[PDB]
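Two separate entries follow, structure 1 and structure 2, each one form of the same protein chain as structure tokens.
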Structure 1
């Protein structure tokens, strides 16, 4: 009789709970499980953050979960309450689909990995594009929130230690008339513009930029995924280039990959000595899981090369490395794939890019 080791999940639907179950079942078939054997314990998102925190205690930690997978729900409800409660005990949380950069902050989320990259990591792709198409002078426009500044930090790290940013402009999130900011950009000789902004803020930029005739020939616009989604698409200038994280929204793919990684890490953990069990339930328990920090190190340095979403590794912040993006180009108002970033390399496909103007 093997030792039962529970994995937790908070997931969007019962369909995905069943997928979690079957993934754990496959992990048990795949692995040698005479000594340790995984058990799936799962729950769907609660309708508010307090209920969610409580459920983590009542439904998951009461089963002594070694780790908790967490999907971002579609249709105000973030992983945060799960990260907080799990973090209390140093139980690792694995984000499946959350892209916000704030979850890379160790002070706030001190046992959090994710199998998708933060939006800010789109700068990695921008940078390779800037080499490829030899844009050596760019203007960077970012929203003055955490996400915008995260993108700036990331690009400037890549640049400031080739191509250079000739200026960086920040604007206040929710500003509608951005003519002041964009005239400042119009002044400069660089005509490659990179944008980090939310859907609605990108809309505002696009509109103003059009009024100032900065969306026509000679200009290049380079953005990420948010800035060609929903309403942002509606007013985006033609010839724009943006990104889509491949499988970024496929909860089933990421459940499958995350379970594989966690299963591997669990079996690796139990090769070592003096592994303690997590606390059983929240009530009465205020000490951390002593082995939590060790398990985190093991997860952090896990490699799963043959993942559904590609090559799974994690960086210093526990963020996904070797993520793959579709490179998208707005042509006659259709988003058309003109290539992919395959994790380390830009691969252009046979569809020709059309720039602003042409």
Structure 2
């Protein structure tokens, strides 16, 4: 007699589906009830967008899932499920587009968008009194989201220094995929400030680094401050010694995010079922143009939910459905090896015992 409540997932490997089932099992044990029983339904990723979308319909929506967890585009899944207002919960995708206020309105996620790295840059600027910076961003959605985020952060018996706040003397943008960025770097060289912040893809970061090298701008006096993509994979080849980048703590731990996302979903499902006039999700896509009437409400329940005991830390989502209070390892390139010199713990920079080597040091 328990009502079966299916949770869906699209995960990377069979082993992660096992982690998913175990999480759903844990959730049933956590919440005693005879009115509903949580069930796990999952698939792994298909090789292309078309097959992925079809599988979402054939394998997941056909089982009447209430939500779909998705590891790392999640684009076909977000769109296919969003059509019906079934919440899609991204476990590892960091691209800022999913945070946009106009599209992907059924999506939320347990990791922050790359644009949120700007919070950490801000604290770094405060800690080391970098009051003048140059921001170089790719002229695409991701580059501009980083810019927008950083700018937002920038914009009687007790004495105050009242020092003018940190400031971006200039924002320079480049066309993604451009192989020769000499003109841009020279434009930056003409400027006073020697603190350079970069938002760029792995591929574009290399272009920036090579141009900075050619112009002798990676040596003493300069500071390079970047995010995670700009010190990942191929971007590390020409990354200047002394550069500072970031790694999202637990950011690639799919297993941990599956556990936390299931916990959040189960909690929200129990709250949902205390409400009157709840409706069942769609059973299948074929000739079905109806939305899940309760879909939008369930997403609101999910996004306003709080799960303090996550394995990835406290879980809360902001108004765009992005994870709040993310923690980041602060990485410093030393002898061509990334060295962790501290943590941004959600609000403050906590330095450790290792010392930072600055560019040319």
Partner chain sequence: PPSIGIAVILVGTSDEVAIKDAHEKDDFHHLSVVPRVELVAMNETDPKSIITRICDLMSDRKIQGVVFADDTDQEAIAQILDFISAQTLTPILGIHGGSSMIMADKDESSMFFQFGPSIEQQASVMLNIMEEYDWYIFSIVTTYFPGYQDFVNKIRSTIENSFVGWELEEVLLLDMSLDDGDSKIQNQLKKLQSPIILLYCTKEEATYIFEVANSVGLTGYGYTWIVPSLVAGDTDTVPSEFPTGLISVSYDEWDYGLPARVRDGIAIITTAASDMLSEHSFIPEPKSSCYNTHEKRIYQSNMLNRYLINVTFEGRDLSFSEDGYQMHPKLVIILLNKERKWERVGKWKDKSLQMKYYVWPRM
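Rigid core (definition): largest C-alpha set, two forms, superposition within 1.5 Å. Positions refer to the first chain, counted from 1.
Between the two displayed forms of this chain, it is structure 2 that matches the form solved without its partner chain. Aligning the rigid core between structure 1 and structure 2 and inspecting 131, 153, 137, 106, the C-alpha positions shift by 2 Å or more at one residue, which is 106.
Relative displacement of the residue 271 Cα between structure 1 and structure 2 on rigid core alignment is 1.4 Å. Relative to the superposed core, residue 118 moves its CA by 0.7 Å between structure 1 and structure 2. Once the rigid core is matched between structure 1 and structure 2, the CA atom of residue 284 is found 2.5 Å away.
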